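> So I've got this experimental structure, pasted below with the sequence.
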Amino acid sequence: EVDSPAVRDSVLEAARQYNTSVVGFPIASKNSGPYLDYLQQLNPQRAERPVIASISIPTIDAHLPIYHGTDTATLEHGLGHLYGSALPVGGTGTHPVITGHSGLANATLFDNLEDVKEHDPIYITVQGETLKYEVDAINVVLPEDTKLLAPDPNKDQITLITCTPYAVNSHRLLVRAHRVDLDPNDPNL
Amino acid sequence: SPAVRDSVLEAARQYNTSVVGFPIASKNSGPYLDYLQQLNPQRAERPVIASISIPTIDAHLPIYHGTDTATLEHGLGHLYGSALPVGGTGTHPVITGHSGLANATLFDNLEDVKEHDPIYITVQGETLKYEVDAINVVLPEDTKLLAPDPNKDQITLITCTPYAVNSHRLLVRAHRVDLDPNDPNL
């Protein structure tokens, strides 16, 4: 059964193993061996567009699916995981980058990522498990300025990225967060 | 034979499209396993994936997959998470080697390489020529200069420096140039 603890445990372990192979950060033929392996991760049901994880950001009332990659069509319907960053299964040394659109008239998506503040919680649910992160940095940068996406071998971090669609020139909003302990009774779960 | 060599080279170019940043690994992960199959039509365990010639310092050396300790005792190592050294704009393979081993002469003389010196990579019977354009010494954590550039075909050679101190890293960067068929280093 896809939802069994045995399967979920194996899929999580497989994704942690995949993550050991991620050595840079994003600064790809979908037929390459590594991209094909990426697409098999977090997808024991072997579906074509699986939801790999979901994210909750209660301070902006956002609850959204995350998919593999950053195809145009994907980002009209949810969040994209940036290939070349770790999959969002936690671990010291990992730095998943999760992207979403702002401004699309029919879908809120990351429209309000700009209203997230320092210390706000972010919850990632993946293969039945929930990981809690807390916001520690908020930066608006030029789209080529990607230094802040680097992994740090002693931290378990994530960055959520969106565009600044009201600005005349293109920029990116980067909201960085670090792993924290999860209270089992946390209201938000 | 030529068709096998082209298919090996093409598979390596396709592998390279999957390489997304630069080196800032479980040997059984899918991507690492795929890496180890590249430049290895013989399906050997630790093949020489490419050879490098740096004539001005008399270095003629084998390049192997990865940078494991045992690898670097005997040869140069390709730094996993950089492009394989098969060329192309937007690629920046990084090749590392020690400079002070008792048992082998590897990158011992890399510090004598000068600006504009040639570097030749031979891979699957094809030779690629690079010309040195920067020589930098940095602390080991400082990897910015290894970034690929989408409009350049580049390579960096790395070694520990200075001799018997090894606090720093010598990075010799070179860019692709045309290979004249009568090059007097061939």
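Arrived safely. Numbering: from 1, shown residues only, chains lettered A, B, ... in the order given.

> Next, find the distance separating the residue of chain A positioned farthest from its centre from residue A:103.
Most distant residue from the mean C-alpha position of chain A: residue A:168, 26.8 Å away (CA atoms, centre = their mean). Using CB to CB, to the nearest Å, residue A:168 is found at 14 Å from residue A:103. Using the backbone N, CA and C atoms, a C-beta is placed for each residue, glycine as well.

> pretty sure residue A:29 contacts residue B:14?
Yes - with contact defined as CB atoms under 8 Å, residue A:29 reaches residue B:14; the gap is 5.5 Å.

> In CSV, list the C-alpha atoms belonging to stretch A:177-189.
The C-alpha coordinates for stretch A:177-189 follow below in CSV (Å, rounded to 0.1, in the frame of the first residue of the first chain):
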residue,chain,number,x,y,z
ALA,A,177,13.8,29.3,7.1
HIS,A,178,15.6,26.8,9.4
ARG,A,179,14.4,23.5,10.8
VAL,A,180,12.9,23.6,14.3
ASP,A,181,11.4,21.0,16.7
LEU,A,182,7.7,20.3,16.0
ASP,A,183,5.3,20.3,19.0
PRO,A,184,3.0,17.3,18.4
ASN,A,185,0.0,19.4,19.7
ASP,A,186,0.9,22.5,17.5
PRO,A,187,-2.5,24.2,16.7
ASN,A,188,-1.5,24.4,13.0
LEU,A,189,-1.2,20.6,12.4
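
> ok, and for it, which residues are buried?
A:177, A:179, A:182 (16 or more other CB atoms under 10 Å in any protein chain shown).

> Am I right that the second one is in a strand?
Yes - with DSSP: H, G, I helix; E, B strand; the rest coil as the criterion, residue A:179 is assigned to a strand.

> which residues does it contact?
For residue A:179, the contact set (CB atoms under 8 Å, 6 or more residues apart in numbering or on different chains) comprises A:90, A:131, A:132, A:133, A:155, A:156, A:157.

> who does it bridge with?
residue A:133 (DSSP bridges).

> Residue A:65: neighbour count?
15 (other CB atoms under 10 Å in any protein chain shown).

> Look up which helix or strand the residue in chain A positioned nearest to chain B falls in, please.
Residue of chain A nearest chain B, by CB to the nearest CB: residue A:24 (2.3 Å). Here residue A:24 sits in a region with no helix or strand, counting by DSSP states H and E.

> isn't it right up against residue A:86?
No - assessed by CB under 8 Å, residue A:24 is found out of contact with residue A:86, at 10.7 Å.

> So between those two, which is more surrounded?
Between residue A:24 and residue A:86, residue A:86 has the larger neighbour count (other CB under 10 Å), namely 26 against 22.

> pretty sure the more buried one contacts residue A:149?
No - counting by CB under 8 Å, residue A:86 does not reach residue A:149; the two are 11.0 Å apart.

> Which neighbours do the two have in common?
Taking CB under 8 Å, 6+ apart as the criterion, residue A:86 and residue A:149 both touch residue A:95.

> Check which helices and strands the longest helix seen in chain A sits against.
Taking DSSP state H as the assignment, the helix of chain A that covers the most residues is helix A:5-20. Applying 3 or more CB pairs under 8 Å, 6 or more residues apart in numbering or on different chains; DSSP states H and E, one finds that helix A:5-20 contacts helix B:30-37.

> what angle do the helix it packs on and helix A:33-40 make?
Angle, helix B:30-37 to helix A:33-40, by axes from the mean of the first three to the mean of the last three CA atoms, to 10 degrees: 160 degrees.

> Now do the contacts for the nearest residue to residue A:112 once chain neighbours are set aside.
Counting by CB to CB, 6 or more residues apart in numbering or on different chains, the nearest residue to residue A:112 once its immediate chain neighbours are dropped is residue A:60, at 4.3 Å. Residue A:60 makes contact with A:112, A:113, A:115, A:116, according to CB under 8 Å, 6+ apart.

> neighbours of residue A:160, just the number please.
For residue A:160, using other CB under 10 Å, the count is 24.
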